[PDB]
Protein chains: 2
Amino acid sequence: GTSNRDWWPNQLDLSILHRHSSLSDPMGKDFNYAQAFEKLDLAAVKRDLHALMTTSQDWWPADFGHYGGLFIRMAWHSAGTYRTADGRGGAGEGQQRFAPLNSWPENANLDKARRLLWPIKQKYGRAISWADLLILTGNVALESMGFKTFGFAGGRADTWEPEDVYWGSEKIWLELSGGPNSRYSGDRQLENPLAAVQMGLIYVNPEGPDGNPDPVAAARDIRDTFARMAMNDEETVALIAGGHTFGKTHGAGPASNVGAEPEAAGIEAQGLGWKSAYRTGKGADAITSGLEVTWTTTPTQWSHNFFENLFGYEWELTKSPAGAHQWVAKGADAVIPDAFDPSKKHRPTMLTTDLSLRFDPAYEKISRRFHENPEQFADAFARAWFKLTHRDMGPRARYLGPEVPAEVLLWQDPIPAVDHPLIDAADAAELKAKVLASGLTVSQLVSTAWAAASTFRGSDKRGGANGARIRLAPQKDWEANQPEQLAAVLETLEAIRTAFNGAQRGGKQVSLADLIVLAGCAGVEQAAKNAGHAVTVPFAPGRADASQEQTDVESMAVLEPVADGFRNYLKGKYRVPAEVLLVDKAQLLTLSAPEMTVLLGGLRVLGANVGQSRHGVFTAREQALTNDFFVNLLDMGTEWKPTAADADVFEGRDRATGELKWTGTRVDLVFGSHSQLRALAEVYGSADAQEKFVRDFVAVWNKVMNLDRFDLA
Amino acid sequence: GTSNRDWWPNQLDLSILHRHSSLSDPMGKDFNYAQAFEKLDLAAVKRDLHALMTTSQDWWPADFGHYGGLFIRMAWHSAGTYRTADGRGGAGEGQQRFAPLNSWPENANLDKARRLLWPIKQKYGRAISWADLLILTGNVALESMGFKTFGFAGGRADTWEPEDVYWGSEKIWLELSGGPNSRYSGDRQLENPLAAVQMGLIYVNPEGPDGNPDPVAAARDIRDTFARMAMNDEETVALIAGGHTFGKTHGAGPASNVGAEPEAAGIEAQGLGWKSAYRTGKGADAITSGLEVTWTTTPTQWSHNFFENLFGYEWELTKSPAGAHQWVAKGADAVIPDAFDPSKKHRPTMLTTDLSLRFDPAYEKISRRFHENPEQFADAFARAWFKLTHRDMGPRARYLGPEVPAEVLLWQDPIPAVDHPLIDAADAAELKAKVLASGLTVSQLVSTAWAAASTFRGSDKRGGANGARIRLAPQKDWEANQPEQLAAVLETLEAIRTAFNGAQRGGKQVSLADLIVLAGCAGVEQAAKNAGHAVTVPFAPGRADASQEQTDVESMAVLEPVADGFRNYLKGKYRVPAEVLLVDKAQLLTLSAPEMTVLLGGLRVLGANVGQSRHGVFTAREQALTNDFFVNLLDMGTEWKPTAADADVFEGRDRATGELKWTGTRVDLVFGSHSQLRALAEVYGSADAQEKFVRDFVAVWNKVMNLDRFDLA
Ligand code: HEM
Ligand code: HEM
Ligand code: NA
Ligand code: NA
């Protein structure tokens, strides 16, 4: 059945902006998951999960009579797809249950684990999401096996279709690096935004880099991938040794016995996959990864036996029954229990990637410290586990239920509690007029607010104007934010705020975060008035000002907008065309294509471009809010050609006279080229549309201003 | 970027049910196109279109000084993608402006035609859709050139993304038959639902079948394709000779001069394509098809010269300047004017496909008759043009504006005007009670109403319960409708109706069409009561009963549901898997995935399966409206396997004992296999979902009952 993707494979795909519509959602339009969750008897869910842990089902018998290890792996894979570069992946949307993640090789037999949870999901229904349940099950597995977690927050609403994520360009599952779609270049440099070493892996290859069983080299990949998931060395060691305190791997026979992954299996498999022809295909005969390693003498109980074994033996390279490289303890007794036969025991074994924790010099120090101080190991693992499973959930205001930890952590980008009365409508109007009487222009006001609010990304719910982090390092020094200009605008706004705040009674004050946004709204109102329209831009107060000490400078780095088509900005030259990067940014901002289109057209004519570039500024009334961008873009009396100096800049000349009328980038002209975007541009570029343009612009502006306002949900 | 389509190319694509969401739509949720159109100054639009006709632009100069021919082609391509098999394609959604149709080879340079219309589209804005505009421009071109049209209706609302249409499986533009994805098998048998001979053509190849210039063979393709677009021999001859009374083809130089189609062109092309390196690239040097034919001595005026030339000369095979086969009049003078140079004249020429009209025996008689009786030709062409351009618009109630013809035509599947008082809520309650006291079962009531209503398709807005066409030929004889049983149910309903009607005052009566639907609603209410719920099903009266004479038995044939997954019915063995056919049917019914899911689960347990088949009937309380389908489907205590005798039937057995619990088809089990569908099934199969199931079912039932109710829109 031949499609548009087949005919025109490099044409821009707008469908990623139109997912998660009300059409695909089986819940009412009014369904509020937070409110369903807040009535969940969470204690009763955990008791059921507790019982499930030791209630073996014959279709996937429990190793050692306890599902704990399997469910921990389940919950770590749900969290483990996360990338700090774009915030995509992680546990927060329950995506492990949809394609492609449900069928990745490294997710093999997690289909069994999810199926085991259906009876409990079915019992509690909409009051607990799959997304929350996966994580909660991992916590309960840990608890049942004697490990006290740091806490748990609910709130991850389920989604109903696959997320659109760039996982890599390889066409072969698990392809070794150096192929025609190599995710590596230079000195083993992993391309952004990826955070895994091969297509269909979580982080690294457990045999070692491209299957080469060198723990030292494996450690480099571990450190790189984990850094790309926002985890440092201490956290990494704690997670890997923590996880591999429990359970086992499965490689009881050759991998060629394993059939089709879930998305490729027959209909009769009812959503399960990796059906195995090896002996019983399950339990004692299970094959998952191809490795056959059991790390500890008590795989169903928390202990410090991972590090006792790691350091207490010397290790020899060997092969599993499926031919995978793995390691066995030299001269050891048979001390490790068998998963099904009480009369058999086995020698201690390890993965190459476990040995990384001893043979990398920086990890070795952390590992020794954790070996000598198992209470520090426990505490670090608890904290890292919470971070792992919550890193993509967003501000603490989204956190639900009775196990939310009270400690505020730096990676949460925390925002102080508001401790005073808020400005009211009359105050907002007074502040807007003061902003406009200061002499700040429409362009300055719009640009600064855009810069502050457009750091949000819906992928992990980080960023936005709350916190006023634009005044702090590193945001205040980002090139896209024009640091010298930004500093002068911030200083003027701070004087207005100090004057407003000094005049108040009863403790009422306004935050800089709120005033930045409100100043932007005044800019947009003034632009509308300059075009002859009377509109009020909505504004919701309640943002607070975060401190530098509450702002991790390194974790903020990934929010830098190295491409921002809405300001016609690109920091350098990329492999990816700028229009694709625009659509990527729009998706992170949660915008539809009509939203993206309105917002861009408006921003152009308001002067929001970085460096005051005239590219795409298709108006003779700059700083008035009109649909001139569209009217001019769609004017057939202009002919467009790439410049001689730069193929990515275009000159628009009068077709009759040859006179230069405009310049534009790829991001500008895509709205006149792409057949779906041009259809949208046409709507806003019609003679009846100026009022619609203004109203839709103001709505989308307000939307962007409020993206991080989970205090108002 | 590797996608789910790349990994699992045969997996079912649900995104077709979630297109055209409010997300991709730039108009408000409340935008009503009918109301915008009803305030259009239609007269003013036509005047501007009249002016456009002779206002030549230098970037695509007008042949003979008049764009009429180009615009007629543009309108006839807009209409000409239509397929009677599924109702997809046609002019009614303005899809010519989107991929792929904007870039089909046979639509070359229609991008120029559409761009010529932008200023008028821009001036009238949302009050005239592109879809309406394309057709209206065709009409105006005809009128400008002396041809009186039969009429015009507005109301085709614009769409905002590509429609999901199976156009064929070929991976090469214009691929000749017999390839690895041949749309032909057997004795030149074109696969349903296709209605074109090669990928990227409208109907046939103008050079002849697979490029072989045999007019008699070409005629067979013409007859087959046009029948597949709902046109008979008289209509076909009138359209082809009518259209080719105007304008000319373009093949001034080799086709290798012509560059990328619009979707492949550079961004600076601003949505246009097929840029040509031959001489000026345009006007006198234009290359569109590669053929160079001008049919008449007055290409910009209606005449009877097509048939004078066809019959008045003998024809010789020659080649255009691009190498294409075409025909030239033997021994003729140079009587045909040049499009740009007053000092040149040309011999009459014809396409192979024009000669079909003379050399096919059945067409020849029609052609002679039109030659001898030019008034009959004019009238038939006017009618056929109206049909061509309105065949996919639906019932007359959707027709807008002041040029709607008053004559009622058979292909509009007309329904008589209601001329009596309608039943009220008290009458509805009394009729429902009588239906239930008659002894008709839930299963009969539900099945008959489903059968009546589910012939609707949103592609061309044909079908539905209005008209009570289920009681007429051919619907009453379709195997899916179970003729024996249907006749028994209809006879009982007719007695109820006769008794109700005979008791009324003041002319009040109920139609059979209304009573069928109402009786279905009573069945659903009864089913709900059998499950312990108190449910009133909404009902809107106002359907009327069509006669057999108003119901064309051949055009109804395409509405036969040879696959209806909602009744677990498949008429024979098809190359397309049954779950794909289910999704196809859901798309035609305008159902989202959640709607399809709820609806099918409900229908299964209410006894709507054809032949009383137990496949998918996963309940022990048949004819009670419960979510049993889902709860039993998702039961992991059951293992499923295909049967020995039939790979498309599955047996579900107890995993512990091996006892047979259920059987199901592919359509049943796909809800437990496909990861997105299973996610939906889980919602309805949860412990908290019984009430939600019942209420969502009733909503979707009502939706289906009302699909064709454009009298209420
Ligand atoms: C370098 C990082 C990691 C690698 C390469 C890795 C690799 C693997 C492999 C290949 C398996 C065996 C799958 C099977 O055959 O059943 C597995 C099992 C497991 N891993 Fe990891 N792992 C890593 C990090 C983690 C982390 C961060 C956690 C949790 C905090 C975790 C917890 C587990 C658990 C609990 C199992 C046991 C599954 C069972 O009992 O069925 N691992 N690991
Ligand atoms: C067997 C069916 C038909 C075939 C194979 C066919 C083929 C074509 C071809 C190849 C062209 C030349 C394209 C170009 O080079 O510019 C063309 C032109 C045209 N056809 Fe058809 N045609 C068909 C039916 C129709 C019908 C039903 C209509 C309208 C009622 C129509 C009206 C036109 C007109 C007006 C033009 C001239 C365009 C211009 O002047 O620019 N044709 N036809
Ligand atoms: Na994410
Ligand atoms: Na259609």
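Side chains included, hydrogens not; waters and symmetry mates left out as well; all remaining heavy atoms used. Quick note on labels: first sequence line is chain A, next is B, and so on, each numbered from 1.
Neither the backbone nor the side chain of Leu12(B) comes within less than 4.5 Å of any heavy atom in chain A. In this structure, chain B has heavy atoms under 4.5 Å from both the backbone and the side chain of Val670(A). Residue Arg126(A) touches chain B through both its backbone and its side chain, counting heavy-atom pairs closer than 4.5 Å. At a 4.5 Å heavy-atom cutoff, the contact between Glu261(B) and chain A is made by side-chain atoms alone. If you measure heavy-atom distances from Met199(A) to chain B, the contacts under 4.5 Å come from the side chain alone. Of the two parts of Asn4(A), only the side chain, counted from C-beta on, holds a non-hydrogen atom closer than 4.5 Å to a non-hydrogen atom of chain B. Looking at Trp130(A), only its side chain comes within 4.5 Å of chain B, counting heavy atoms on both sides. For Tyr166(A), the part lying near chain B is the side chain, with the backbone staying farther off; criterion is any non-hydrogen pair under 4.5 Å. Contact annotation for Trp7(B): only side-chain heavy atoms (C-beta onward) come within less than 4.5 Å of a heavy atom of chain A. Only the backbone of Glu170(A) has a heavy atom closer than 4.5 Å to any heavy atom of chain B. Both the backbone and the side chain of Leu633(A) come within contact range of chain B, judged by heavy atoms closer than 4.5 Å. Contact annotation for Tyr684(B): only side-chain heavy atoms (C-beta onward) come within less than 4.5 Å of a heavy atom of chain A. At a 4.5 Å heavy-atom cutoff, the contact between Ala99(A) and chain B is made by backbone and side-chain atoms alike. With a 4.5 Å cut-off on non-hydrogen atoms, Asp25(A) touches chain B through its backbone but not through its side chain.
Taking a 6.0 Å sphere around CD of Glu691(B), one finds it holds more than 12 heavy atoms contributed by other residues, nucleotides or ligands. For CZ of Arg183(A), the number of neighbouring non-hydrogen atoms (other residues, nucleotides, ligands) closer than 6.0 Å is greater than 12.
Here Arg115(B) is the residue among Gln11(B), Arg655(B), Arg115(B) with the most heavy-atom pairs under 4.5 Å with chain A. Note: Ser675(A) leads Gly125(A), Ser675(A), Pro162(A), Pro642(A) in heavy-atom pairs under 4.5 Å with chain B. Each of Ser103(A), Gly672(A), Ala689(A) has some count of heavy-atom pairs under 4.5 Å with chain B, and the biggest count is that of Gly672(A). Here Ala264(A) is the residue among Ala593(A), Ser22(A), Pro262(A), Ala264(A) with the most heavy-atom pairs under 4.5 Å with chain B. Considering only heavy-atom pairs separated by less than 4.5 Å from chain B, the leading option among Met27(A), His20(A), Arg5(A), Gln57(A) is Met27(A). Ranked by heavy-atom pairs under 4.5 Å with chain A, the first of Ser24(B), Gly271(B), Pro119(B) is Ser24(B).
Here the side chains of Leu23(A) and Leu17(B) are not in contact, with every heavy-atom distance at 4.5 Å or above.
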I would like to know whether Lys171(B) and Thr2(A) meet side-chain hydrogen bond (donor to acceptor under 3.5 Å, both in side chains); could you show each step before the answer? CA-CA 7 Å; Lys171(B) 311 305 174 201; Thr2(A) 314; 3.0 Å; yes
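At least one donor-acceptor pair closer than 3.5 Å links the side chain of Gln270(A) to the backbone N or O of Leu669(B).
Taking each heavy atom of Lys29(B) and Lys29(A) in turn, the nearest pair found is NZ-NZ, 3.4 Å.
When only modelled atom types and interatomic distance are considered, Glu682(A) and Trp118(B) share no side-chain donor-acceptor pair under 3.5 Å. Side-chain atoms of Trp59(A) and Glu639(B) form no donor-acceptor pair, as typed in the model, at a separation below 3.5 Å.
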